[PDB]
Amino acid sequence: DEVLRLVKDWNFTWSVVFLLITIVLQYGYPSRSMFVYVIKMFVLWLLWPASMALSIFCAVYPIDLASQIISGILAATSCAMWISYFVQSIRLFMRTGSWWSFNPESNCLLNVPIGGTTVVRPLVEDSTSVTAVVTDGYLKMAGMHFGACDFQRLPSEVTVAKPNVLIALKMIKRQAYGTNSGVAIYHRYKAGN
């Protein structure tokens, strides 16, 4: 009698959890929706200590000696991954100040100073050169829309920040198509600490 009741409880909760994991796994990306992305982030924050605590429980109550050793290795695995994420995320945040540094999807950030403010966008592919194009006063860099900027006021330098190094790229070539239209190329010249 009581045997069947618990079966129902466990299966109901697991079914809800499985659906949640399916949703965040299918739709949890910024290029799809930021809403499901934040849900996926909450899941990952919860997931690290749960895996470690679960493996610790299995290490205290093992099936045999081999289960004990594997449980210990898996628990240390959870710990090492959390430590690694925190280290690289904090380093990128100290370097840029953007919340994009907490995104496991991107480890390259492009910082462009528009006037007196800075706009940061994750970089898809690392490269030594960055192309900027302005059309009728609207600026798009590296194939990504960055906003409204006059071609005459383009920055001389632009930075690319990774967890370990910060790179500076200076303008080299400048071509003016129209009054407020043109193309410019930035190439790297120095590495940071």
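Don't overthink the numbering: it's just position in the shown sequence, from 1.
Per-stretch averaging of Cα B factors for 81-89 and 115-123 places 115-123 on top. Looking at 66-74 and 146-154 together, the entry lists the larger mean B-factor for 146-154, computed on C-alpha atoms. Of all the options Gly137, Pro30, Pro49, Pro163, the entry's greatest CA B-factor is assigned to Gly137. Residue-level temperature factors show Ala53 in the middle third of its chain, judged at the C-alpha atom. The deposited CA B-factor of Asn180 belongs to the highest third of values across its chain.
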